[PDB]
Amino acid sequence: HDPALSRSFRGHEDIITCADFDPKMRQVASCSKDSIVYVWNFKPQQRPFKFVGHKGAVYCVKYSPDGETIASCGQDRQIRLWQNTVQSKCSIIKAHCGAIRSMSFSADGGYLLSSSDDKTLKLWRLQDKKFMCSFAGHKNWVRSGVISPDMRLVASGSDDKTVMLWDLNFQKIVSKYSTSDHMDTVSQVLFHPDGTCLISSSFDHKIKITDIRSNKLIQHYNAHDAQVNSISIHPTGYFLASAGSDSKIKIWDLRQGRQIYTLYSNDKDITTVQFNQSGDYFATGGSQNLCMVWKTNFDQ
Amino acid sequence: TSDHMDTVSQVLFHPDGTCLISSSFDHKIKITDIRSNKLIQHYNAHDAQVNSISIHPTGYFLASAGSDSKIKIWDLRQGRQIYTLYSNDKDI
Amino acid sequence: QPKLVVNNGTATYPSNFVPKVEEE
Amino acid sequence: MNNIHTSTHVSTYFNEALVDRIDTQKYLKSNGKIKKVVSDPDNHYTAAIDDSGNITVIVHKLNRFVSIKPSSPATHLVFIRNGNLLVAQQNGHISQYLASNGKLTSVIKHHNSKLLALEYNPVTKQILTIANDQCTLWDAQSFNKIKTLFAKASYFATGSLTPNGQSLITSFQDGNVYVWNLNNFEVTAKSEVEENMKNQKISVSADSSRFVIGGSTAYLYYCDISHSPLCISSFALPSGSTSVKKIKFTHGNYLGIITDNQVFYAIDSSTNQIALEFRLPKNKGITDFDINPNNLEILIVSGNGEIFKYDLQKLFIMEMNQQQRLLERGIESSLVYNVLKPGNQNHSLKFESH
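Residues numbered from 1 in each chain as written, not as in the entry; some residues may be left out. Chains lettered and ligands numbered in written order. Part of a larger assembly, values for the part shown. Heavy atoms only, no water. Residues with missing side-chain atoms left out of burial classes, pairs and counts.

Visitor: Tell me what's going on with the overall build of chain B, and back it up with residues and numbers.
Guide: Of the regular secondary structure elements, chain B holds zero helices and seven strands. The C-alpha radius of gyration of chain B comes to 12 Å, within 12% of the 12 Å expected for a compact globule of 92 residues. Overall, chain B is about 40 × 30 × 20 Å in size when its C-alpha atoms are taken along their principal axes. (Helix = DSSP H or I, 4+ residues; strand = E, 2+ residues; numbered from the N terminus. Rg over C-alpha atoms; globule rule 2.2 N^0.38 Å.)

If you want it as structure tokens, here you go:
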């Protein structure tokens with residue numbers, strides 16, 4: 001029961017935007033805002049792999065559930081599918097015309113969703129040409145991308161300040177909620193463990209949570225007075241990790257219905273709080289550069 | 001038409017040369033007598049391009065064959081189809 | 001038994017046919 | 001946040017009590033992974049299709065394989081008792097090889113389709129191909145044809161033959177399921193249905209007293225010839241099913257099911273309830289299956305790249321046990337399985353057939 005910053009990714013050069021994890025517990029992926037992503041492990045004598053590519057910014061790097069393939073999404077117009085874990089063995093697979101936002105893959109693996117910029121989301125049926133399944137129910141962008149379990153739906157945020165879901169075998173909009181009062185470019189939208197209850201915040205300093213179709217608000221999950229907010233939720237659906245462009249970190253307790261307290265933070269303009277895929281986790285990204293590897297011990 | 005559709009197949013007889021047996025491309029065997037050209041039953045046959053038959057020498061069993069490869073045997077003492085045979089690739 | 005179904009049945013069809021045919 | 005992973009309903013089941021291993025190091029040589037399974041009616045010559053498409057017949061006693069040089073993947077494989085392999089290729093053709101050599105012998109072509117689903121009836125010597133708008137029925141020796149079933153407009157979705165007897169059932173996009181006199185081109189049995197279904201397939205039992213229909217909508221239909229209509233009822237599926245991709249019959253009263261939520265299921269048609277549930281980690285995933293009926297020897301192709309390596313007959317132990325321990329308490333199978341209740345006429349595939 002400590003936020004537990006442990007040992008950061010010493011050597012990150014500047015400018016950090018994301019992380020994800022290899023659930024071996026662990027190898028950590030992270031990414032910079034310019035040409036590089038990193039993957040390294042503990043047993044600290046281990047050296048990180050320097051992933052050269054994504055000459056623009058990388059916004060989100062994610063691992064397949066076994067910690068193997070790392071998908072890296074930046075200002076790429078493609079997704080680079082990096083080898084498993086470490087040492088280059090990669091391919092370039094074309095997406096759209098800009099930044100690709102946060103990813104999720106379908107549970108029994110039909111798809112590898114990414115929020116590519118043509119406003120549709122590319123659900124990505126492992127690998128292919130053509131398109132595998134896609135849909136834009138958004139007016140002007142895709143800011144998130146979550147495939148829900150035991151459902152035909154994927155949700156995403158946008159720049160029209162609305163949130164949308166659509167049918168993933170058949171590419172059709174089912175429902176939307178909207179500006180609750182999103183201000184601008186919406187940040188990532190997350191879900192309750194069942195892939196329900198869309199959770200989002202943005203330029204507006206507040207997380208709001210609503211359901212799908214039943215597009216109704218449960219609570220006003222006040223967040224950071226940030227240029228913009230970021231989020232991950234502790235997997236049990238218990239904690240909303242409030243991240244953002246401010247340099248505070250604050251965590252919401254969903255059972256208590258409150259911000260727990262803000263953290264000392266010590267300059268952490270966390271861009272992601274992506275969690276270890278099972279258990280105690282991170283709060284990284286920001287000006288401190290080094291990947292902020294935390295093993296939050298509150299988390300069980 | 002005693003009802004048959006097309007080119008009639010083998011005509012068989014009661015051991016005494018009576019109660020003749022016929023089917024054709026149509027899926028039924030008729031058992032009918034002589035002069036007294038009356039039917040005793042419809043011995044529904046295979047849904048074959050064409051059917052075929054022989055009857056056990058005692059006159060007891062209709063061996064229903066045909067252009068398809070299901071085979072079945074009838075027991076005339078009962079009037080039931082005994083059963084459809086395993087057949088196992090036989091367009092007899 | 002099913003032979004008794006044949007007994008008109010089909011017995012009158014052939015004559016049910018016939019009238020009208022030549023008239024046409 | 002949030003979806004389901006990892007491999008607890010699949011790799012953990014599949015590899016539970018093996019006596020050998022598919023040493024995938026010897027098979028997954030592509031830069032890439034295994035994507036599909038196609039298979040042998042004679043069971044042993046099951047085969048892998050990877051993202052190259054070369055068919056690798058995995059021979060599960062030798063831990064050796066038949067590498068078929070052409071890269072063209074199969075929709076399904078048919079083999080005969082005498083040692084030949086008929087490959088329904090995804091290239092629109094069916095290509096026969098000596099199974100014993102992987103040596104090309106002949107090609108069946110007439111079809112213009114992406115799919116050529118096959119089924120072989122070993123007791124008729126007949127192989128049927130489901131493709132585009134037609135069913136081609138032919139002598140399993142595969143050098144001639146018997147019939148081309150077709151329609152004026154309703155497009156064809158499926159059909160199949162009956163392996164330990166014989167009767168041909170087909171269906172349209174309409175969901176209309178009907179039975180043919182496969183050797184007279186006669187529809188002897190006809191249906192008109194409410195549930196239209198894209199890419200539906202009909203699973204036909206070896207003794208075709210029973211039939212099953214899948215397709216793009218989230219429904220399953222089950223036939224029983226002892227009752228009229230042959231298709232007596234229909235029912236909706238366990239929550240989360242979105243459509244059904246593949247359904248195939250086994251020896252007991254059971255069918256394997258692949259849905260488009262990528263969860264595989266084993267359904268018991270005596271009640272119309274699911275016995276087994278199969279799940280893998282997020283994409284990655286489970287892509288296809290091969291069931292070999294005597295023990296249900298299985299070749300599974302997962303998107304996770306693993307080639308399995310299991311027998312459903314052995315996996316059923318876990319849902320034989322488990323359930324039988326719970327039967328000491330008295331647990332109800334209609335709930336355990338989730339029985340799917342017969343519904344209205346409004347969405348049925350009800351079909352009269354003799």
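Visitor: Talk me through the overall build of chain D; I want residue IDs and the actual numbers.
Guide: Within chain D one finds four helices and 27 strands. Its C-alpha radius of gyration of 20 Å places chain D within 12% of the 20 Å reference for a compact globule of 354 residues. Along the longest, intermediate and shortest principal axes, the C-alpha atoms of chain D span 60 × 50 × 40 Å. For chain D, the share of sequence-separated contacts (at least 6 apart) that also reach a separation of at least 24 residues comes to 31%. (Contact = heavy atoms within 4.5 Å.)

Visitor: Give me the lowdown on the sheet that holds strand β12 (residues 147-149) of chain D, citing residues and values where you can.
Guide: Strands in a sheet are paired, the pairing made by backbone hydrogen bonds, and the direction either parallel or antiparallel. All names here are of chain D. One open sheet accounts for four strands, arranged β9-β10-β11-β12; its pairing is antiparallel. Lying at the two open borders of the sheet, with one neighbouring strand each, are β9 (117-121) and β12. Here the average twist between neighbouring strands, direction ignored, is 20°. Pairing of β9 with strand β10 (residues 126-131), which is carried by five bridges, proceeds in the antiparallel orientation. Bridge pairing in β10 links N121 to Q126. (Pairing = 2+ DSSP bridges. Axes fitted to C-alpha atoms, helices over the stretch in contact; angles between N-to-C directions.)

Visitor: Quick one: what's the story with the UniProt feature "repeat: WD" (unreviewed entry) in chain D, residue by residue and with numbers?
Guide: UniProt records the feature "repeat: WD" (unreviewed entry) at residues 160-190 of chain D, using the numbering of this structure. Structurally, residues 160-190 of chain D comprises 0% helix and 48% strand, and the distance from its first C-alpha atom to its last is 15 Å. (UniProt positions renumbered as here; feature names shortened; annotations may be inferred.)

Visitor: Now, about the pairing of strand β21 (residues 244-249) of chain D: what can you tell me, with residues and values included?
Guide: All names here are of chain D. Relative to strand β22 (residues 254-259), β21 is paired through five bridges, and the arrangement is antiparallel. Looking at the pairing, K248 lines up with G256 of β22. Between β21 and β22, which pair antiparallel and follow one another directly, the connecting turn spans four residues.

Visitor: Outline the interface of chain D and chain A, listing residues and values.
Guide: With 16 residues of chain D in contact, the opposing surface of chain A contributes 21 residues. In the side of chain D that touches chain A, the residues fall into six nonpolar, eight polar and two charged. (Nonpolar A, V, L, I, M, F, W, Y, C, P; charged D, E, K, R; others polar.)

Visitor: A description of the arrangement of the chains should follow, citing residues and the corresponding values.
Guide: For the three pairs of chains in contact, the maximum contact count is reached by chains A and D. As for chain B relative to chain A, no contact occurs, and the smallest C-alpha gap between them is 40 Å. Between chain C and chain D there is no contact, and the shortest C-alpha to C-alpha distance separating them is 17 Å.

Visitor: Give me the lowdown on the sheet that holds strand β8 (residues 103-108) of chain D, citing residues and values where you can.
Guide: Residue and element names in this part refer to chain D. The sheet built from four strands is open, its strands ordered β5-β6-β7-β8 with antiparallel pairing. Both outer strands of the open sheet, β5 (74-79) and β8, are each paired with one neighbouring strand and no more. Each adjacent strand pair in this sheet contributes to an overall mean axis angle of 25°, direction not counted. Strand direction decides the pairing type here: β5 and strand β6 (residues 84-89), joined by five bridges, are antiparallel.

Visitor: How would you explain unusual backbone geometry if you had to name every residue and give the values?
Guide: Residue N8 of chain C is joined to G9 of chain C through a cis peptide bond whose omega torsion reads 5°. In this structure, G9 of chain C sits in helix α1 (residues 3-9). In this structure, the amide linkage connecting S228 of chain D to the following residue, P229 of chain D, adopts the cis form with an omega of -5°. Locating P229 of chain D in the fold gives a position in the loop between β19 (219-224) and β20 (231-236). Tracing the chain through its elements places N8 of chain C in helix α1.

Visitor: Lay out the environment of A99 of chain D with the relevant residues and their values.
Guide: Residues and elements named next belong to chain D. With respect to the helices and strands, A99 occurs in the loop between β7 (94-98) and β8. In this structure, the C-alpha to C-alpha distance between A99 and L85, residues 14 residues apart in sequence, is 4.5 Å. Each residue touching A99, except ones within four places of it in the same chain, is listed here: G83, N84 and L85.

Visitor: Any chance you could break down the pairing of strand β9 (residues 101-105) of chain A for me, citing the residues and the numbers?
Guide: Residues and elements named next belong to chain A. Here β9 pairs with strand β10 (residues 112-115) via three bridges, running antiparallel. The residue of β10 that forms the bridge with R101 is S115. Once β9 ends, the chain turns through six residues before running back antiparallel as β10, passing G109 with a positive phi of about 75°.

Visitor: Outline the environment of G285 of chain D, listing residues and values.
Guide: Looking at the element boundaries, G285 of chain D is found in the loop between β24 (273-278) and β25 (286-292). Ignoring any residue separated from it by four or fewer positions in sequence, one finds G285 of chain D in contact with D108 and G109 of chain A together with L280, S302, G303 and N304 of chain D.

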